[PDB]
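The data below hold one chain only, encoded as structure tokens and taken in the form deposited in one PDB entry.
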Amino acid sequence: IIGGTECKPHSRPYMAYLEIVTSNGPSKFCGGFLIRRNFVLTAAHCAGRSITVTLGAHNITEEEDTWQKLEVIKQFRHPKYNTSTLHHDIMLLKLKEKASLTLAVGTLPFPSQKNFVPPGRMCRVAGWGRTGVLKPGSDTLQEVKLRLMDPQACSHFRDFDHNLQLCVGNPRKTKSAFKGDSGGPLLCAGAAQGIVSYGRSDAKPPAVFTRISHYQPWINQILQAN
């Protein structure tokens, strides 16, 4: 998170920290969120050989009683996820066991929206991603308020599709989601509207978020069969 502020410890109980193991390299990380006691929603580009989830965390270097590190048994990437276009950047992770509900761990209902969130609306996103282009991932959970933009604002991302994605981040400001924040939910009015997906390597806003509403049926499908 760039230009954000550290969250009050455990104020975002649904936030998941993911450690991803790849085959030919060191581990990677992303965010994500608990939607069911045994299901975490995240970005497809965060897939790997195996993933371990940490719930109840604030400062990920110091373990505390709130921590619940859960094994992921299956990764359900969207069947249409395209690496080149980054379309359908959404993935579901089935946990080995159901998480315990505590003051630090809880689910975020994949909602019920009467109408789509209009541009101009200020939403917020949290993550442990880099806080700068050459800066490392944050130790603590950071949170920033971003403005939902008109799709024209993201035209420069040649594969950006208004129907599948959200354009977030006022280009006149520096605040933005960045590397490592992928999979984190974008909440507007207290409801998750998108998932951090991609942006510019130089961190200039806006960034592109996966529009959740569009995948609601696929998500349900997977939940119902597992």
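From 1 onward, residues are counted along the sequence shown. Residues that one form lacks are left out of the comparison. In this text, the rigid core denotes the largest set of C-alpha atoms whose superposition between the two forms falls within 1.5 Å.
As for the form deposited in another entry, it is not shown, yet the points below apply to it.
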Core fitted between this form and the one not shown: which of 140, 155, 113, 100 shows a C-alpha shift of 2 angstroms or more?
113
With a shift of at least 3 angstroms, figure out whether the C-alpha spacing between residue 187 and residue 113 grows or shrinks in the other entry: closer or farther?
farther
Comparing against this form, do residue 10 and residue 113 have their CA atoms pulled together or pushed apart in the other entry? The difference is 3 Å or more.
farther
Shared-residue segments moving between this form and the one not shown, Cα shift 2 Å or more over 3+ consecutive positions, core-fitted
111-118
